[PDB]
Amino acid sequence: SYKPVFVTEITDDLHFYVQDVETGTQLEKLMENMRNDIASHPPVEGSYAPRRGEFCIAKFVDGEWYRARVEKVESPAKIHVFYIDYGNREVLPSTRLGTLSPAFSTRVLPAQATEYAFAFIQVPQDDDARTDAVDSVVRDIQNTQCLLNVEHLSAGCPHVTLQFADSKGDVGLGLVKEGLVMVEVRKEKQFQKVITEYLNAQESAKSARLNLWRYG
């Protein structure tokens, strides 16, 4: 069962974060209401001294306030935050942070970003090759609606297939066809139509000498 999602962050390790489209108007409503409260009771720069593991608000590059978690307190000027509804990370001074009211906690609305990885693909070990694959996915799917299916679990996050929402084309397969990633083979019957296939796409890419396959 493919589920509609909005892709918000692609990581340098070729993982990505998504929001569930079904809960998106609720996120927008919570953000509306949270920022209403912030405009009425403006955070004083430096009045919040953060601690590791706390939820807070943080002012992003667009000048808007978002929900965040404090991951590391390096110094008062260098607080490492994770934007819990989007999945991106940032180092900020405490002057761009404020307290998160209980009205807007993760108990009122859970963190909206969930981490996933592509099923049936190996993340390239070479940094430059990995960068090419990451850059391609960012251009392909960042800030777009996709359809997601969970394929299997892993030692880390779940591994999934993604389809472009309009065209229904398989995102991960497109990376394989472009020679940006290698196939990670799965044996299971339920995966056979998809895998043997991904392996035939890897052949298209090996023949066109694309990206990973440029030199044989």
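A residue's number is simply how far along the shown sequence it sits, counting from 1.
The mean Cα B-factor in the deposited entry runs higher for 42-50 than for the other of 55-63 and 42-50.
In this entry, the higher average B-factor at the C-alpha atoms falls on 104-112, of the pair 79-87 and 104-112.
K29: CA B factor in the highest third of modelled residues in this chain (values from the PDB entry). When the CA B factors of the chain's modelled residues are split into thirds, the value for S207 lands in the highest one. Split the chain's modelled residues into thirds by C-alpha temperature factor. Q122 is in the lowest one. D132: CA B factor in the middle third of modelled residues in this chain (values from the PDB entry). When the modelled residues of the chain are ordered by their C-alpha B factor, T11 lands in the lowest third.
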